[PDB]
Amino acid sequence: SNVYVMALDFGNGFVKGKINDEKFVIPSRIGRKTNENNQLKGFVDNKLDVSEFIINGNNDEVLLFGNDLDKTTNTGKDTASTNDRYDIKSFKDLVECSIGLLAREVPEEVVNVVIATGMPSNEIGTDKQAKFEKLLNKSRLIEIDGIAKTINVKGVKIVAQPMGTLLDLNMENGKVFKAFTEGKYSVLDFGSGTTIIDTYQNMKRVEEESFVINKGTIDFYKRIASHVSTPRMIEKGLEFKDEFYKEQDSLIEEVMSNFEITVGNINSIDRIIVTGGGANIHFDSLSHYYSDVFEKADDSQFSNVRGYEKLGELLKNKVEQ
């Protein structure tokens, strides 16, 4: 058979996708092109990074998805992100356009695939997983910028999101590293609004040693912009040096202190993977805080997808058998 592996990560405010050597990261927003013509958007000739999607012959709804969405329409809206997003039109359409974008990267008309993705650890076994897998596991006709692709799904594999990250750094040639099978690892995710720690022991998540700090990069940059008496500004030009080190000094002390309280002796931990939009900002200081324990992957935004892709490859073999 001719089967491809689609890895998708429907996260916070961005959707990440990868197929073969092709990948994308686009805000979790969707639009629609309607005849209520604008003055410039969609009228001028600029070649924008946005595509048109027609699903199953429904010409009455031309969906708009891409990084330049708002440059071509005024219909752009954020997609549902609640725990019940699986039943909201917004998210369902986002899933179809994301699948469509990956399908467009395959030259042939008929695109057979397996889909590897993830979901919040807390819904990974509930009725949510059943509805998400139902959205994913089906055939569909998608026309991307006028090009029809017939998409057949031969299999779906869903894991807890932090697992994609762990797998990015603990798996090669279809096998997890020996150390990972009986080790203790934590995923330290510096998000925009929260900082999440997920701990795994012998490949299984330990809820008793996982936690969330309700402070993120937005809070960081805000707390800095204040002492300097506008975060958007600090974000642009990180190389206020004094303030930075002060805010970050406290952030790191708080995070590691919580680690020692909840996870344990930092020496019982085999690795702490630092991920999230804030990883690049704090990895350096963390590395000097404790030696030989923190690790970071390049392009942290794609870590989950690279991890899901490996599981997708294994699912692809199971199917080709």
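We number the residues from 1 along the sequence you see.
Length class of the unmodelled deposited segment, which would lie between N173 and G174:
Missing in between: none.
Between 193-201 and 246-254, which has the larger average Cα B-factor in the PDB entry?
On average, C-alpha B-factors are higher across 246-254.
When the Cα temperature factors in the entry are averaged, is it 67-75 or 93-101 that ends up higher?
According to the PDB entry, the answer is 67-75.
Among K41, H282, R29, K33, which carries the highest Cα B-factor?
The record points to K33.
Out of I144, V156, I88, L238, which residue has the highest Cα temperature factor in the PDB record?
So the option with the highest C-alpha B-factor is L238.
Could you look up the Cα B-factor of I54 in the entry and say which third of the chain it sits in: lowest, middle or highest?
Lowest third of the chain for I54's C-alpha B-factor.
Relative to the other modelled residues in the chain, which third contains the C-alpha temperature factor of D45: lowest, middle or highest?
Highest third - that is where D45 ends up once the chain's C-alpha B-factors are sorted.
Among the modelled residues of this chain, does the Cα B factor of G164 put it in the lowest, middle or highest third?
As the PDB entry reports it, the C-alpha B-factor of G164 lands in the lowest third of its chain.
Please say which third, lowest, middle or highest, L286 falls into when its CA temperature factor is compared across its chain.
According to the entry, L286 has a C-alpha B-factor in the chain's middle third.
Would you check the entry's CA temperature factor for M233 and let me know if it's in the chain's lowest, middle or highest third?
Highest third, going by the recorded CA B-factors of the chain.
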